[PDB]
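Fold and geometry: a report
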Amino acid sequence: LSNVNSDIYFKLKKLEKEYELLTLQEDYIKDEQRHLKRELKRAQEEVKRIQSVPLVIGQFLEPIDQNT
Amino acid sequence: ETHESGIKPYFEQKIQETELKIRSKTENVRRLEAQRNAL
Amino acid sequence: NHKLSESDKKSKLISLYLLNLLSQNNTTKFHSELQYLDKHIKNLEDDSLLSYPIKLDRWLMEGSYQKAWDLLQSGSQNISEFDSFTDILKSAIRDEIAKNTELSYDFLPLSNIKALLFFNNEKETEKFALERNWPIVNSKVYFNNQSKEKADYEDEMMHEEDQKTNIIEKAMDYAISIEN
Amino acid sequence: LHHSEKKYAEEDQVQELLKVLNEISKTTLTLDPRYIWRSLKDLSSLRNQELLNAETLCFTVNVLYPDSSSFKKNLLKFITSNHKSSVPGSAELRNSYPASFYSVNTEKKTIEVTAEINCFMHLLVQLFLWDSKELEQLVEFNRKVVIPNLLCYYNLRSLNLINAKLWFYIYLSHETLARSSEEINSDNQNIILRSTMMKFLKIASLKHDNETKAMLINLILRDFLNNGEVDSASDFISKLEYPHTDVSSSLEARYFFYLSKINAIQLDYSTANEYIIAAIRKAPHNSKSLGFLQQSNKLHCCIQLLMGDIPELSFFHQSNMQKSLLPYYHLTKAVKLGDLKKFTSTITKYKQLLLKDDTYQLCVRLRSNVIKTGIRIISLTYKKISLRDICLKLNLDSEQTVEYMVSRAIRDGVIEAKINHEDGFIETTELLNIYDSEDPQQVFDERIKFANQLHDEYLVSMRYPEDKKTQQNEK
Amino acid sequence: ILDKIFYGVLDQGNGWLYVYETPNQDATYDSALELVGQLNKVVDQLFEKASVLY
Amino acid sequence: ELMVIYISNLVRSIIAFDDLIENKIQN
Amino acid sequence: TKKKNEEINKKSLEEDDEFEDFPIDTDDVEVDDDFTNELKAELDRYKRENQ
Amino acid sequence: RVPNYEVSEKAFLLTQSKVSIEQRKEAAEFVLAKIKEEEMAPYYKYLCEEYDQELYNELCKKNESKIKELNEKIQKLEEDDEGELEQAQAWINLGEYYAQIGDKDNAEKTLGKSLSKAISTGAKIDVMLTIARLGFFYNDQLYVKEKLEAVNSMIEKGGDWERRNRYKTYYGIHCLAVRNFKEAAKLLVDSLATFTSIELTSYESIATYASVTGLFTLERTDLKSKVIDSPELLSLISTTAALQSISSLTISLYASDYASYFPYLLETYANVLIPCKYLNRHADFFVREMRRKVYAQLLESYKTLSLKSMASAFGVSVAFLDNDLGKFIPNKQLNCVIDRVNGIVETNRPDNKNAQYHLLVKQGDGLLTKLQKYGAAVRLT
């Protein structure tokens, strides 16, 4: 078990900064998903403005399509 | 061999600590990744 | 397994120990000590002198203080250095009842205090009342005083905000519970 | 005849051993090997019954043997030496393959395989001893061998998961022989049994291996109940190093069972009632948990009676555990009425049955509870009641004696009343509607946190299988 | 009184009749009892779906 | 949602095993 | 079978099977009071006539 | 078949030593007349414990007679060519012989042959029930339970409306016999209309029992509609003594005259609950409930009463009242406490916001238990 001990000093010390970066990436994406929450709502506003006056009354005939 | 069995708890503490950190990091970043993509 | 490992002094010394824990007024610790002995006294040493502190605990547990008090007195006719813990455990009886009787009413006729707590003279009665912050005006006690005063002092401490839990406090916790 | 059966039996074992061996030496997936090791033992225990059980002996001859050969010999010597093919090297079914142990190269020390084979060999040995009841000599010798063998090795996490089963066996065999009949030599070894599992608690805590930690903690707490030092248990239990991270639900159930017993006698039912119920749910519900199921029901009856609660009559009636819960049933009635006379007769008559499970210790203390519980119910019924009426009903000596047992009781707010001696009745202290009061806010606060906890639990966990599935190759 | 045509209570100790009309009871909570009732069926069904995991 | 995503995983195990199975058949 | 080792270890510590030691070894709370009651209500009336 | 319920109820009076000595022996003469008439030698051995060898010779004889009759018949029929129809009708007559002698076991066997060859689905249901009846005759309720289960499988497979009416009454008796008086109250009030006389405890008995189950279960309001104003009960009038005793009781409750209620309670206990076998075991359940339900109704109408006043009305002593009420308070329907010294019985009942708080908090706690159990399980698996 003499072999493992050597590696702590050499290899793994260098990789400890690499493992800091994984904590930073984790932190980052909470902020990014949070952002898309806000955005969702703000997009909602836009849609609402269309719904509003002025409007013109029609007669729906038939569908061609679930969304058209 | 016999010497190194005894002296091990100095070394063993630091490396096993570090490894645990990798296991929990990977877990977290990929869970949040899925959430971000859906939204 | 036996090679002495027993003594004539053993039954005696164990009894005094137990007695000591009761004078501290610790029910739990008395049980803890008992369990250590329990197995090795069941019939190997039987129960005949060891019996004095077990009978006393039992009665106080029940809350029959009358009963406890009688046996204490009769312990001095079966004295085996019992006297040294007798005296302590008599002051204990009075403290315990006094604490109880706060919740029951505010006023006791002078005669009732003396009877209940087992005072033998009215001197002991008026002494104890002073130490409990109760004046005796016209031969009547007056628990009314100390109860209110104790609440007032308690309110001054620092632990405390979370122990009562403010309305502002309750909401804030739930909001960040959600926003984690 | 005999040889063929042992050989086939040995072969069956050889198959299982190889699966779990490959598994450990191919990447790190620790949790999967550990579950496999649990099944392997049971399979082998059911196996032994048939195709003879000197298959172990066969395998010993045909492995690398450092001191396992002489240990095996020791084993047959206890139960009278029976030799019939028991000389090492009189089977070679390895055949020096790189697929099933390279006999030369291991001896040479270019490759090493005696490690794991040794740890497994002691495990097989212990299983056989306990099944048979080959106790005596073998127990001391076993304890002696395994401790320098496992500490010889630079301990893994892997290795720790195997030895937490060995530690149990050491403890069990010593105890069982002891209750059969006392010996002096048995108490000398007791001191040594306490010291070894206790020292090891620190080792296991540095390694942060969860299986080992859990196990050691249970054993040490049991030990303290055996010898009656409640005090020692207090210092030990303030620190909670009990992991609950990944351990078997069965260990969790065992832990909670200790906690109940100790707290109860330290006069707390708040925690006790929670842990024995919690343990039932944690514990499996197979036909292998009949022992456990039964005794949980027995301790809980006591805990409730001690607090002053009356357990369901329905609980004992509708049970299939009624046969056993015959003393408990009788206690419940006696207490209910406040009749003193019935209580004395009950406790004396059932002394032996209660004493087995040490519930007798709890039952002396239920003398206070007989009188007090009958008065909880009488205050409930009659709001204002003269001390005179109480005395006649429950046989209690005089109005002055009843006042003293009641005065103590209401401090603790069991009965919830206040005495008026200057008038002469005792008047229940009502709370009536508690919605009107501010009680519900506190109820809510807790519950919200419980909901919150499950959500986080769902979320961490949900991801776990998904991470595996993505990385594997798919069509 | 039992028919509930004016539902009061009679105190004999004073020889008085107090009559009560429309006692207040949480309406918010009336709507919640039906909502919790639905949730309880739903968790049994969900587990049954999840019996496939076993 | 636990259940629904979980059911998908169980199926994912099956499709993964097939990949290995399908490779054998061409060989 | 994975549970099986833990369960076997645990049963020993509980004490074999006390459930099966027990048969080898050896207003539902108390009795209906209406029979008695009959006797009582009638006697009330007897007194009551003469009161 | 038909004699079995009559035989057993007479046998049950004789068993009892509670009832008047006169009734016990009046019943002796009557059971004896049917014992001889039907040849009950296997079954006499059960009855003689629980309170001529000629009955047995007569038996055995009846055995070779009725036993042989069916045998050789059954054989000529199995030889003759129509297998499905003719053999099975004959096996129905086979089951009748065992059913006459009160042996429930051999009756089951031959009636099983009857079913075996294919018969009308409706006919199979008639047959299952016949076996079921013999379960009441022994008083083995466990026997009835399983038999009646097999009928409900076939009741809607067939569509039979005809056999559904019978099942209602038998199931009424089942529920009545068992401790659950809830299902009984429902099943039996609708068996009044759809009473089928054929092999069942008389119409007069059913009517009495319906009232009993009525009283235990149903609210004051719900008794009025369904039992008192129940058109059938009024059509049947009070003729039998038992019907009268239970009916009168109902009435004085509603009308709230509590001078006449307690004398009727005493009557129903003597003449109705104790002699009926089913209600001998449930005597305790029913009488404790009635005492609590009447006292609850009176407390609701009073903020406060005197003990002397409540007692005086009933026609029980102040002492008597004080004990009997303190049994009933901790089971909690009365919802009152008694000031001994002032002698007042004050009544405290919540009707406010607290009602809607308790219901909510309890239901919502029951839901959380389930979430924990199920969630934690699925994570592991």
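About the thresholds
Residues numbered from 1 in each chain as written, not as in the entry; some residues may be left out. Chains lettered and ligands numbered in written order. Part of a larger assembly, values for the part shown. Heavy atoms only, no water. Contact = heavy atoms within 4.5 Å. Buried area = accessible area lost by both parts, 1.4 Å probe. Salt bridge = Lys/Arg side-chain N within 4 Å of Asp/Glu carboxyl O. Pairing = 2+ DSSP bridges. Helix = DSSP H or I, 4+ residues; strand = E, 2+ residues; numbered from the N terminus. Buried < 20%, exposed > 50% of the residue type's maximum accessible area, 1.4 Å probe, protein only. Arc of directions from axis to C-beta. Polar contact = N/O pair within 3.5 Å; in protein donor to acceptor, adjacent residues only side chain to side chain. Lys, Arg positive; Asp, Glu negative; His and termini not counted. Axes fitted to C-alpha atoms, helices over the stretch in contact; angles between N-to-C directions. 1 Å grid on protein atoms, 1.4 Å probe; cavity = no way out; pocket = protein on both sides within 12 Å on 5 of 7 lines; lining within 4 Å. Points joined across faces, edges and corners; volume = space filled by probe spheres on them. Nonpolar A, V, L, I, M, F, W, Y, C, P; charged D, E, K, R; others polar. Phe/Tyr/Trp six-rings, centres within 6.5 Å; stacked < 30°, edge-to-face > 60°. Patch = residues over 30% accessible without salt bridge, like charges linked within 9 Å, V, L, I, M, F, W, Y side chains within 5 Å. Areas by Shrake-Rupley, 256 points an atom, 1.4 Å probe, with all protein chains shown as cover.

Per the header of the deposited record, the title is "26S proteasome in presence of BeFx (s4)".

Under the annotation held in the PDB entry, chain A carries the name 26S protease regulatory subunit 6B homolog and is attributed to Saccharomyces cerevisiae.

1. Here's the deal with the interface of chain D and chain C
Residue-level contacts link 40 residues of chain D with 36 residues of chain C. Carbon and sulfur atoms supply 51% of the area that chain D and chain C bury against each other, a total of about 3500 Å² over both sides. Among the residues chain D hides against chain C, the three largest losses belong to D:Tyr404, D:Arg408 and D:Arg411. Together they make up 20% of the total. Here chain D and chain C share 1 salt bridge between them. Here C:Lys67 and D:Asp397 are joined by a salt bridge, their closest N and O atoms 3.6 Å apart.

2. A word on the arrangement of the chains
Taking contact number as the criterion, the leading pair out of 12 pairs of chains in contact is chains C and D. Nothing in chain B touches chain E, and the closest approach of their C-alpha atoms is 22 Å. For the non-touching pair chain F and chain G, the nearest C-alpha separation works out to 21 Å.

3. Overview of the pairing of strand β1 (residues 302-306) of chain H
Two strands pair when backbone bridges link them, and strand β1 (residues 8-11) of chain E and β1(H) are joined in this way by 2 bridges, in the parallel orientation. Note on β1(H): the bridge partner recorded for E:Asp11 is H:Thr304.

4. A short note on unusual backbone geometry
With an omega dihedral of -20 degrees, the bond running from A:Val53 to A:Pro54 counts as a cis peptide bond. Topologically, A:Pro54 is positioned in the segment after α1 (2-51). In the Ramachandran plot, D:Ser96 falls in the positive-phi region, its phi being about 60 degrees despite a non-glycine side chain. Positive phi is not limited to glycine here, since D:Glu416 has a value of about 60 degrees. Along the polypeptide, D:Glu416 turns up in the loop between α21 (399-411) and β2 (417-420). Residue class for D:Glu416 comes out partly exposed when judged on its relative accessible area of 36%.

5. Quick look at helix α7 (residues 122-131) of chain C
All names here are of chain C. Looking only at α7, the buried set comprises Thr-125, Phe-128 and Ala-129. Relative to the axis of α7, the buried residues are bounded by an arc of 105 degrees and lie together on one face. In this structure, α7 carries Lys-123, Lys-127, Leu-130 and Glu-131 as exposed residues pointing more than 90 degrees from its buried face. Those residues of α7 hidden inside the fold are in contact with α5 (83-104) and α6 (110-116). Downstream of α7 by a residue or two, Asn-133 has a phi angle that is positive, lying close to 60 degrees.

6. So, the interface of chain F and chain D
On the chain D side, the residues contacting the 12 residues of chain F number 11 residues. Together, the buried faces of chain F and chain D total about 1100 Å²; carbon and sulfur atoms form 65% of this surface. Across the chain F-chain D interface, the total number found is 1 salt bridge. With its nearest N and O atoms 3.6 Å apart, the salt bridge here joins D:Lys475 to F:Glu22. Counting every contact that joins chain F to chain D gives 1 residue pair in polar contact.

7. Considering the side chain of D:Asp209
Checked against the element boundaries, D:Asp209 lands in the loop between α9 (184-206) and α10 (210-227). Buried charge without a salt bridge: D:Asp209, with D:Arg157 as the nearest opposite-charge side chain at an N-O distance of 4.7 Å.

8. Quick look at the sheet that holds strand β1 (residues 382-385) of chain D
On the basis of which strands lie adjacent, the open sheet formed by 8 strands has the order β2(D)-β3(D)-β1(D)-β2(H)-β3(H)-β1(H)-β1(E)-β2(E) and mixed pairing. Only two strands of the sheet have a single partner each, and these edge strands are β2 of chain D together with β2 (16-19) of chain E. Along the sheet, successive strands turn relative to each other by an average axial angle of 20 degrees, direction set aside. Summarising the sheet, β2(D) and strand β3 (residues 425-428) of chain D pair through 4 bridges and their orientation is antiparallel.

9. Things to note about empty space enclosed by the protein
Summary: where empty space remains is shown by rolling a probe the size of a single water molecule over the atoms. Residues and elements named next belong to chain D. Put simply, the largest cavity is a space of about 360 Å³. For the largest cavity, the lining is made up of 22 residues, of which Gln-13, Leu-40, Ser-44, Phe-120 and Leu-124 are closest to its centre. Going through the elements one at a time, α1 (2-24), α2 (31-48), α3 (55-61), α6 (114-132) and α8 (157-180) are the ones with two or more residues in the lining of the largest cavity. For the lining of the largest cavity, the residue count by class is 13 nonpolar, 6 polar and 3 charged.

10. Some details on the packing of aromatic side chains
All chains considered together, the criterion is met by 43 aromatic pairs over all chains. Ring geometry for A:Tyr9 and B:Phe11: centres 6.5 Å apart, planes at 75 degrees, overall edge-to-face. Residue A:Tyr9 is found in helix α1, and its partner B:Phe11 is found in helix α2 (residues 9-38); the two belong to separate chains. What makes A:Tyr9 partly exposed here is its relative accessible area of 40%.

11. Remarks on a nonpolar patch on the surface
Residue and element names in this part refer to chain F. On the surface, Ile-14, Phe-17, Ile-21 and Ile-25 cluster together into a nonpolar patch covering about 400 Å² of accessible area. By the secondary structure assignment, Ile-25 is in helix α1 (residues 2-26). The class for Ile-25 is exposed, based on a relative accessible area of 57%.

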